[PDB]
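Enquirer: Please find one structure pasted underneath; my questions will follow.
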Amino acid sequence: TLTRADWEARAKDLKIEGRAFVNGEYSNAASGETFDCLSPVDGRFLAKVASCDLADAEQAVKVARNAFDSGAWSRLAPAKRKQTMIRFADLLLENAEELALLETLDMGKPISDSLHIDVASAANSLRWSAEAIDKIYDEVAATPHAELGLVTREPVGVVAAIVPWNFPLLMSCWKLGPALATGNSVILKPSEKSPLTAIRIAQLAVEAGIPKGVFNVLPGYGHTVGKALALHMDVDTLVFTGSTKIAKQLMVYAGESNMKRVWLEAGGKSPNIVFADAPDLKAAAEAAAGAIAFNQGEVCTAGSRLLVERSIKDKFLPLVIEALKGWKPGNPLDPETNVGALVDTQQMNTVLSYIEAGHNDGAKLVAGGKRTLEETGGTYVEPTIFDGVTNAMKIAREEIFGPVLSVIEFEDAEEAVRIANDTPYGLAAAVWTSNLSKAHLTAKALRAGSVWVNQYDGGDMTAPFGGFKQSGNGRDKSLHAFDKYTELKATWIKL
Amino acid sequence: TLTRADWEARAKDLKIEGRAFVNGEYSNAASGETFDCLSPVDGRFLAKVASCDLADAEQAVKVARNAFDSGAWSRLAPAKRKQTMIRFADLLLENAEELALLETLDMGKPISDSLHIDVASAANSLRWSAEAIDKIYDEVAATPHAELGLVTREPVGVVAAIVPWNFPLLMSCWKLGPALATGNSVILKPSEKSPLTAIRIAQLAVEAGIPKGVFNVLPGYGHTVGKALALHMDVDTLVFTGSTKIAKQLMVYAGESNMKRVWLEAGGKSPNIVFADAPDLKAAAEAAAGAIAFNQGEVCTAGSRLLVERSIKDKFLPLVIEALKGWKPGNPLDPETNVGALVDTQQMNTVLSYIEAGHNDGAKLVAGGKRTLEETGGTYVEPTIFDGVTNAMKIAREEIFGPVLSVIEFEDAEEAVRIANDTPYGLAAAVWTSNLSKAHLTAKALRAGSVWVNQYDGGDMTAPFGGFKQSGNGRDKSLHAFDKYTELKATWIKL
Amino acid sequence: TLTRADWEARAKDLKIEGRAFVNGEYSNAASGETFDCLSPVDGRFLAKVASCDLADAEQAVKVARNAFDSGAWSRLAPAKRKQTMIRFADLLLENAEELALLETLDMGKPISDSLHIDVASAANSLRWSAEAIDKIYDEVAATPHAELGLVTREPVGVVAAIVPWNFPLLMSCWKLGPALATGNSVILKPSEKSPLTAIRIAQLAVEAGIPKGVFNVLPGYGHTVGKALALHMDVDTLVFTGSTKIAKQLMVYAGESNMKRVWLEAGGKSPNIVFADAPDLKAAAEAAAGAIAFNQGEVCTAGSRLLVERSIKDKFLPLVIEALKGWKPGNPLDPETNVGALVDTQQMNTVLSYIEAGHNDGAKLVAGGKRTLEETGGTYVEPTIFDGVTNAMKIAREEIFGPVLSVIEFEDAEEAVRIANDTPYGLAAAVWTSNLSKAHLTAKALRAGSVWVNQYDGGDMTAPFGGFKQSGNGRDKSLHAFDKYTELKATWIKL
Amino acid sequence: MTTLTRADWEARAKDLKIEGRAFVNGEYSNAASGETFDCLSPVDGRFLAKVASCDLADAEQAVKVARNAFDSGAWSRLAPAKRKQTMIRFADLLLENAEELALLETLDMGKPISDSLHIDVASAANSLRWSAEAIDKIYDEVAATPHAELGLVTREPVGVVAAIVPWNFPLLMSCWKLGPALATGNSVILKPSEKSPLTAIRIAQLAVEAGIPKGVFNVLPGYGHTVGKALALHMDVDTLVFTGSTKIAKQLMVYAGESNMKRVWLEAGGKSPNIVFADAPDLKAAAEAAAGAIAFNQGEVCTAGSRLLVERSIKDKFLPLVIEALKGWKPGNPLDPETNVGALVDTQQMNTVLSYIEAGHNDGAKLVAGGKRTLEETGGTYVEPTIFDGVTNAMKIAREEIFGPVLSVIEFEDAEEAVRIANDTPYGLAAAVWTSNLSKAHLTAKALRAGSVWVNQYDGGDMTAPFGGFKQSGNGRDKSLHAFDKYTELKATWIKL
Ligand SMILES: [K+]
Ligand SMILES: [K+]
Ligand SMILES: [K+]
Ligand SMILES: [K+]
């Protein structure tokens, strides 16, 4: 295990690449322009990252399309693509410490979570998708004797992937895994708030055996290079994870361009329902606190709306606050630190604005609620719990994407479900009960892509992850993730 | 068995409904306004059809939402939904001749086609989807022993369906089948060029046992009621079959509204590739003629591009011309007629304008090329073949949606594949050969949702139907059609 | 609704067929020998049933083999087999009253059960299998580009089915459904204790459209005609439902002959586990009584072992005794009878022998325990409950196949599981509890093909049915039953 | 650069320390009786090691151990991802000991060292790896039930699995079974053939080193009529899987009926037809494949192309190509990497092959290649690749499995007769068709009653292809995800809500 002093030492002795990666080579943007990569830890300078635009996107697509048509990857044997992506995953573990440090410095996540959660799950996501390549079987229909009906899946071609900043490496690997496994060419557009991890792994892919031009990274802003890719006439599929606002615009961009397939993972207001007959209220309390404090509340499936039955609310709420004592906002370079820094100033101001909206809506602040650690020159906010919150208030409707918890009461099982579904979102939800019938009937009633019973943030690579309604469409992880990067073909042969 | 005089007699004594169908009852538009429905058979009047608008759509959505929330259909047992849908299918067969007569008068296709193909296939489409309901299994993931990972599917809720005019009944049932089977509430919006059969079957559904509000029909215009459904914040999913322009516009409406799931099926320029070593050149010639003449060429997967190998072009071309003679444009109410009228004047003018474009591109007219049966008062056109066509010409790249064929020569298998894939479309393709390797390798190389080998227009309800690229997304028929009306939920239960 | 007088009248005026059905025709045994088919209702004579032997098996197989090779049914289109088997199902319903009467007269079960349960389920079982034929897809493997790898299923050919007497018609259709659907020829050997219904539906099959020789019925003894089919060198597959002892002999016969596939469904000693925290204790008691009294306890999945927790046993037992009083043995031809007669004298003596064994083991007779209705000439035994039973006693370990209940108690969940799995059988089990974790963890711990939570005798045609250990191998119902009558073929094609 | 020679492999043979004890409960041990048998080599007749000769007492002890390990849940209730990771390490360990395992193979049963290393060990490792990777990719079912009801259809390990593996592919066949069986969480007792026990004895230790708990994977060397019979008759063995002859396979099925009605999955003999049409894409390639289909692994392959069905119109031009191609397959020292054809497993097998060759002459068939014992002066058992011409499908050498490099050439007039001749057999394990015609390739393939049909190639299919026979060639399938079904039970859990 590395010491805090070791991480800071390596942070100084760290050479960072900021160039784009096209056709197996690192290069600058066509304009040569660049934005500064700032660290939210202490406002330090990390590197100067290439700022791509339309010209870079046009070049990357041609390279991606040519690589796809060549067949170097798209028509490579399934078992061989599997072995290549496994080496890709293995290389992520070999360079785990650097990747973890890059991410922590990039967006502020505690170094322990960058190494043991981010990097570890990222390599697993690539490996699992690789292992699944030659385990998938296509279909043969029941036809008359003198006829053969084949139903097969083929790679779409050129795939554009726009990755957020909360889990830059992990979300990249959730997209890269199945997309590369199916044999597509990928153009990765990382978030401008965290481009370092995407830039680094692009070289690792080529070292693993991924042919030139199959995996490309175009750093920059969403309104520039991101918009260019979404509007490009030769991009077949665009996958995205982020806000509902941006996701809506990307779908419009598709309707204005080439009718490209769009698969979106928007935001969410995931309810965490706690009944009176919960097996362990303490465990549920620790979970409810962790569901809003982990990754500084910067999680799409954060347990923002904590629903508690009136029978236990007076006992349960003190346990949540007591459990939240352990989630300290500290130095992201310290392994012992539970909660790190927010991504940037704008994010903090937004979170603090919602905290301000919390008071103005008439909510009773019972924990935190203020900016912390300003002396570091960093961006930090302490975990926050608002009591007496109804589902009509602003802080209950809108997604804060910060460590702010709304506690809501319900009378019975019917109301809890009514409140939980009272949202345009539907990414996740949780149920805490020891009753067999109620657990299942509630989970079925909830309109969410992921329902966790007697736990929060469950499910591994075998669990399809996505949302209902405005939380997005399509699924990441599992075998269902492959469907987003493939086209069905019905080959009917007359014998 | 019925003669020409029989169908013309029934057409004069036919009482046609023109109202919308909302919540189990027929009703005029909220504005009371209507539009005239004319017959392209001879320009006769049929009935006044309700012209719905935003208000009507607003009412139907709440009706559909309430029906879905009640659970009268959405939470009915799968086996019971099966029985009802089968009863629905049977009712189409009992009213087969009326539905066939309505279809023929509405949009012009021959009566024998309406009865023996359209009505039969539509009923089969409903029955097949019904039979499939309780045969589909969801998933249980491989999890640790102290955990249960359920992966299930649930109906999306309210489903809007915009249906084309070329196959009004059949395309409606391709949507209605899987949409109703999954337990969703459906709001059908038929084409203004052919609203009758959609209006009629709405009554048959409730007679079969479909609860009120589950299946609603709103006739009208795309920019009014269609636009309203596409922009409604409470519509979960939109399905569509039509033009690329409209399909692209619908996707924008979703991005502007509630980010609703959109499944589109656009046009196509399907290449019909005939090699020298085809098993039977005569049979391929018959299929080549039929691939452009059937349903007046108003077919999405019409063989509008006949790709012939150069070494057999001089022998195969006359065979196609001779075979095309068998398809005579005539009185659609005559059982012997195999080529009916075009849907309306504007469609005829579009076809005629493309024939003019054929001459101006330098192509050699070798069959048809003129408007026919003008004295009847209906819009008709001769099946048309152009020779000496290159894939760069206007008639070879743009969809005509008429019986206009483009004959293009190729040298070898590599050129054929290149010419075939050189199109923004990708809905269907066909290969004619007796060689094992060449048949399979070509079929794999074609970018089309359906590849027919040694036959044309193949595949039944077991064959998924849809497009690559700008021919659309998602699949009709097969079990895959059900996935367009369901949402995946990952329920991970801690034990 | 027919009355007791109606059924008794139809019984006396019923003409019964007792010949075998080979190659589409009724005919006597080759030796001309017959056996007397008597009714357990009152000992009356019903018909002289053909007593087939080796020579009849040899002829039937040749007929079945020729029918399979002709491809009239085996190579008929999947959708055509579906439509025919659906007509088969309809013919069972059109002859429901006749079939129900035969069943009741043949083996003694209540007329209401034969009609509203047995016939209705038999027809549904056939219908469900038929609907499933063209819903099943075979597989295409993930192979290198220059290769096509198909994984398909083909009918085995000649299938021999030996069915029991407890559910003569239903068990027949459980085999017939998937066997005929997949295209096989079937030779059905009904139990000599209940041959009538099998003989009847054979004619119904050919009326529906089943080709001659595809479905044959050979009535007779197990040691004569059953042994001949099991030893026949041209029978591809043998399916069976009955006792463990007979199932073992058949597996030996196969090993001595042509190594034919053997799928067995032997006996069971199903534990019905009732926890203290069951949702409805009244419903649990009502179900427990029905689990041993329904069909005269002649059910392989009968709850012959009732497991009650100590903290509720003294309160739960009188509820079971009271519930059992509703199940009164009586005239099977009376619509209001819920408990009929045992199949014959041998079965009655066997059941009575185990009741005496219960006394010998030291158990306490707390309900029933005697033969009844001896004056009628039939064989009846009243529902019997033994209390104070340990899992070492004879009546707890050996299958009785009568309405005899053994009540065993346990301290905790661990002991319940240990006692439940302490048996050479593993066909079914039930768990009654309201706790989420306890329900699932117990169900996963029980070694039974079927596990019913908070209910008994659950699962429709979607649920596979079979046993662990000595309860047999393979599954009936669901889509898994199809695999017992098909062979896998891997066709690897080099392109 | 470096290159292993014949002398290098021979020197490795004299250095090699060979383990011969049984492996029960994570430890090596003798048989309870202490009896052993002499493991000899068909390479030159040399002594290899004294291998434990187990019996009833050892089978009883191994089952109890296997049962206890299963019930403990140390492996059976371990997470799928963790079972996956353990078996990958197991697969990696086979690769890290590839040279030793391959040498053990060659010395034991006589196949060429280049085959043992590049084919057997490599495939066996990949088979374990593939089955491991597939563990958490498989999904159980949820049925379409009424709303207030939940219907789960799940799979669970059977418990104790006895595996009886043949001698022709000792390591590979072992891993075809061990892969899916251990992946599903079962305890396995492996009984290797008495003609080749060494590799099974070896890998047992490697499983333990990889993380497989004690008693989960046991190895009992000995005879089939003793310990093999004991496992088949045991009342606590849940499942018996087997690959070998039709006669023994039938016998095991009897033992199951006589004991506890244990599930029995078998892969018996075969007489696979290799069908070559006039319109074959490449006659030269088909001729090379035909020769290889009978010479590879000394013809001791279940799916060997023992029947060559040739269309009459090309018989006179196809046969000389096959005879020429057969010359490339020369019997030689198995320890020489250049050798492509090794030795037969023992003297008994050699005599049987020689007996069938004599029967070929007696049936009236014409000898056109090989037909004699060779390399007799080496002290080893070798037989030349043999081709008989003018064979009918009624002759003894055409209907009976030879399990040696003896090919039967049979003529047919057309596709209809070809299918008839090809199906005229009690077996149905494999078949091949060579044609360039689309319709004829598919229709013939569909008409052939065989578990594996290869078109325009021979011995095709990787781990994604199910492998097993029709009729008397056995039941069930090895490889693919279908293999897992032989080691699991279906459970329908219907929960009323
Ligand atoms: K940054
Ligand atoms: K019209
Ligand atoms: K009887
Ligand atoms: K040996």
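In the structure tokens, chains take the letters A, B, ... in the order shown, each chain's residues start at 1, and ligands count up from 1 in the order shown.
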Restrict the distance test to only C-alpha atoms, flag each residue of chain B within 8 Å of chain D, and return the flagged residues as an MDAnalysis selection string.
Expert: chainID B and resid 75:78 133:145 150 152 434:437 439
Enquirer: Neighbours of ligand 2 within 6 Å, counting only C-alpha atoms and all ligand atoms, as a PDB file with N, CA, C and O atoms, in the first residue's frame?
Expert:
```pdb
ATOM      1  N   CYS B  37     -62.055  11.308 -47.908  1.00  0.00           N
ATOM      2  CA  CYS B  37     -61.286  10.133 -48.291  1.00  0.00           C
ATOM      3  C   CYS B  37     -61.742   9.655 -49.664  1.00  0.00           C
ATOM      4  O   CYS B  37     -62.871   9.195 -49.827  1.00  0.00           O
ATOM      5  N   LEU B  38     -60.860   9.778 -50.651  1.00  0.00           N
ATOM      6  CA  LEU B  38     -61.192   9.410 -52.022  1.00  0.00           C
ATOM      7  C   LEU B  38     -60.543   8.088 -52.418  1.00  0.00           C
ATOM      8  O   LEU B  38     -59.565   7.657 -51.809  1.00  0.00           O
ATOM      9  N   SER B  39     -61.089   7.450 -53.445  1.00  0.00           N
ATOM     10  CA  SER B  39     -60.549   6.187 -53.926  1.00  0.00           C
ATOM     11  C   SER B  39     -59.713   6.388 -55.179  1.00  0.00           C
ATOM     12  O   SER B  39     -60.205   6.904 -56.177  1.00  0.00           O
ATOM     13  N   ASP B 106     -59.394   2.121 -50.607  1.00  0.00           N
ATOM     14  CA  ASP B 106     -58.689   3.193 -49.911  1.00  0.00           C
ATOM     15  C   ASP B 106     -57.394   3.622 -50.609  1.00  0.00           C
ATOM     16  O   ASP B 106     -57.143   4.816 -50.780  1.00  0.00           O
ATOM     17  N   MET B 107     -56.571   2.657 -51.011  1.00  0.00           N
ATOM     18  CA  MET B 107     -55.254   2.990 -51.557  1.00  0.00           C
ATOM     19  C   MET B 107     -54.915   2.361 -52.917  1.00  0.00           C
ATOM     20  O   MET B 107     -53.862   2.645 -53.486  1.00  0.00           O
ATOM     21  N   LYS B 193     -53.769   9.063 -46.375  1.00  0.00           N
ATOM     22  CA  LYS B 193     -54.015   8.465 -47.680  1.00  0.00           C
ATOM     23  C   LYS B 193     -54.771   7.142 -47.564  1.00  0.00           C
ATOM     24  O   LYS B 193     -55.282   6.629 -48.559  1.00  0.00           O
ATOM     25  N   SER B 194     -54.830   6.590 -46.354  1.00  0.00           N
ATOM     26  CA  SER B 194     -55.507   5.314 -46.127  1.00  0.00           C
ATOM     27  C   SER B 194     -55.809   5.061 -44.648  1.00  0.00           C
ATOM     28  O   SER B 194     -55.070   4.342 -43.974  1.00  0.00           O
TER      29      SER B 194
END
```
Enquirer: List all protein, DNA and RNA residues that have any atom at most 6 Å from ligand 4, counting only C-alpha atoms and all ligand atoms, and write the list as a PyMOL selection string.
Expert: chain D and resi 39-41+108-109+195-196
Enquirer: Show me which residues line ligand 1, defined as having an atom within 10 Å of a ligand atom where only C-alpha atoms and all ligand atoms count, and present them as a list in words.
Expert: residues 36, 37, 38, 39, 40, 41, 43, 44, 45, 46, 47, 49, 102, 103, 104, 105, 106, 107, 108, 165, 191, 192, 193, 194, 195, 196, 343 and 344 of chain A
Enquirer: Using DSSP secondary structure from the backbone, list all strand (DSSP E or B) positions within stretch 150-380 of chain B, as a PyMOL selection string.
Expert: chain B and resi 150-155+158-163+185-190+215-217+237-241+261-265+271-274+305-309+329+339+364-367+371-372+380
Enquirer: Any idea which chain B residues end up within 6 Å of chain A if we count only C-alpha atoms, as a ChimeraX atom specification please?
Expert: /B:248,251-252,255,259,449-454,463,489-494
Enquirer: Rounded to one decimal in Å, what is the spacing between atom CA of residue B:62 and atom CA of residue B:173?
Expert: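 Here the two named atoms are 23.0 Å from each other.
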Enquirer: Per DSSP on the backbone, filter stretch 103-188 of chain C down to the residues in helix (DSSP H, G or I) and report them as an MDAnalysis selection string.
Expert: chainID C and resid 103:107 111:135 168:181
Enquirer: Can you pull out the residues contacting residue D:115? Cut-off 10 Å, using only C-alpha atoms, and skip same-chain residues under 5 positions away; I want them as a list in words.
Expert: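 Those residues are residues 102, 105, 106, 120, 121, 122, 296, 297, 334, 337, 339, 340, 341 and 342 of chain D.
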Enquirer: Which is closest to residue A:310 among A:388, A:219, A:330, A:383, if we use only C-alpha atoms?
Expert: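 Smallest separation from residue A:310 among the options: A:388.
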Enquirer: Quick one: residues within 12 Å of residue C:382, only C-alpha atoms counted, chain neighbours fewer than 5 positions away excluded, as a ChimeraX atom specification?
Expert: /C:292-294,296-297,324-330,338-342,348,351-352,355,367-374,402-405
Enquirer: For the residues selected in the previous step, produce a file with N, CA and C atoms as a compact mmCIF listing (two decimals), in the first residue's frame.
Expert:
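Ended up saving to part.txt:
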```txt
# COMPACT_ATOMS: atom_id res chain seq x y z
N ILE C 292 -52.47 -33.82 -0.16
CA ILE C 292 -52.43 -35.26 0.08
C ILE C 292 -53.74 -35.94 -0.31
N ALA C 293 -54.82 -35.16 -0.38
CA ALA C 293 -56.14 -35.70 -0.66
C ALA C 293 -56.52 -35.62 -2.14
N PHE C 294 -55.98 -34.63 -2.85
CA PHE C 294 -56.29 -34.45 -4.26
C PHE C 294 -55.85 -35.66 -5.08
N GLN C 296 -56.85 -38.64 -4.81
CA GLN C 296 -56.72 -39.79 -3.91
C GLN C 296 -55.28 -40.02 -3.45
N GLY C 297 -54.49 -38.95 -3.41
CA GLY C 297 -53.10 -39.04 -3.02
C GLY C 297 -52.23 -39.73 -4.06
N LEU C 324 -59.07 -31.23 6.08
CA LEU C 324 -59.14 -32.53 5.43
C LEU C 324 -60.56 -33.10 5.42
N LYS C 325 -61.40 -32.61 6.33
CA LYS C 325 -62.77 -33.10 6.45
C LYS C 325 -63.62 -32.70 5.25
N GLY C 326 -63.17 -31.69 4.52
CA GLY C 326 -63.87 -31.25 3.32
C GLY C 326 -63.66 -32.22 2.17
N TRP C 327 -62.60 -33.01 2.26
CA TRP C 327 -62.28 -33.99 1.22
C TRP C 327 -62.87 -35.35 1.57
N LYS C 328 -64.08 -35.61 1.09
CA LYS C 328 -64.80 -36.84 1.41
C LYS C 328 -64.86 -37.79 0.22
N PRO C 329 -64.38 -39.02 0.40
CA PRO C 329 -64.52 -40.06 -0.63
C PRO C 329 -65.99 -40.32 -0.95
N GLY C 330 -66.30 -40.58 -2.21
CA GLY C 330 -67.67 -40.83 -2.62
C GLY C 330 -67.79 -41.21 -4.08
N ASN C 338 -65.04 -34.85 -4.43
CA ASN C 338 -63.68 -34.33 -4.58
C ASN C 338 -62.60 -35.38 -4.36
N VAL C 339 -62.98 -36.51 -3.76
CA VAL C 339 -62.08 -37.63 -3.58
C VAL C 339 -62.71 -38.90 -4.13
N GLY C 340 -62.07 -39.48 -5.14
CA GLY C 340 -62.60 -40.65 -5.80
C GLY C 340 -62.08 -41.95 -5.21
N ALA C 341 -62.00 -42.97 -6.05
CA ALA C 341 -61.51 -44.28 -5.63
C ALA C 341 -60.05 -44.46 -6.03
N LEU C 342 -59.37 -45.38 -5.35
CA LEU C 342 -58.04 -45.80 -5.77
C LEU C 342 -58.18 -46.63 -7.04
N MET C 348 -55.18 -50.44 -3.26
CA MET C 348 -55.87 -50.26 -1.99
C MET C 348 -55.20 -51.08 -0.89
N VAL C 351 -51.94 -49.32 0.07
CA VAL C 351 -52.18 -48.16 0.91
C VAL C 351 -52.54 -48.57 2.33
N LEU C 352 -53.43 -49.56 2.45
CA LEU C 352 -53.83 -50.08 3.75
C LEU C 352 -52.64 -50.71 4.48
N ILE C 355 -50.68 -47.96 6.10
CA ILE C 355 -51.40 -47.43 7.26
C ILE C 355 -51.11 -48.30 8.49
N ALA C 367 -56.45 -39.00 12.06
CA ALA C 367 -57.48 -38.76 11.04
C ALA C 367 -57.56 -39.91 10.05
N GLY C 368 -58.78 -40.39 9.80
CA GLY C 368 -59.00 -41.47 8.85
C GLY C 368 -58.33 -42.77 9.25
N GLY C 369 -57.77 -43.47 8.26
CA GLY C 369 -57.00 -44.67 8.52
C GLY C 369 -57.70 -45.97 8.17
N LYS C 370 -58.86 -45.88 7.53
CA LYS C 370 -59.65 -47.07 7.23
C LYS C 370 -60.15 -47.11 5.79
N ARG C 371 -60.47 -48.32 5.32
CA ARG C 371 -61.12 -48.49 4.04
C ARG C 371 -62.58 -48.06 4.18
N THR C 372 -63.15 -47.51 3.12
CA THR C 372 -64.54 -47.06 3.16
C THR C 372 -65.30 -47.44 1.89
N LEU C 373 -66.62 -47.32 1.94
CA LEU C 373 -67.49 -47.60 0.80
C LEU C 373 -67.29 -49.00 0.21
N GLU C 374 -67.04 -49.97 1.08
CA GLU C 374 -66.78 -51.34 0.65
C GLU C 374 -68.02 -51.97 0.02
N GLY C 402 -50.96 -42.89 -1.89
CA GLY C 402 -52.32 -42.86 -1.40
C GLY C 402 -52.51 -41.62 -0.54
N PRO C 403 -53.75 -41.37 -0.09
CA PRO C 403 -54.04 -40.18 0.70
C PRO C 403 -53.57 -40.33 2.15
N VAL C 404 -52.29 -40.63 2.35
CA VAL C 404 -51.74 -40.82 3.68
C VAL C 404 -50.67 -39.78 4.01
N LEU C 405 -50.96 -38.94 5.00
CA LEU C 405 -50.07 -37.84 5.35
C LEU C 405 -49.19 -38.15 6.57
```
Enquirer: Between atom CA of residue B:230 and atom CA of residue B:188, what is the distance, to one decimal in Å?
Expert: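 Atom-to-atom, atom CA of residue B:230 and atom CA of residue B:188 are spaced 12.2 Å apart.
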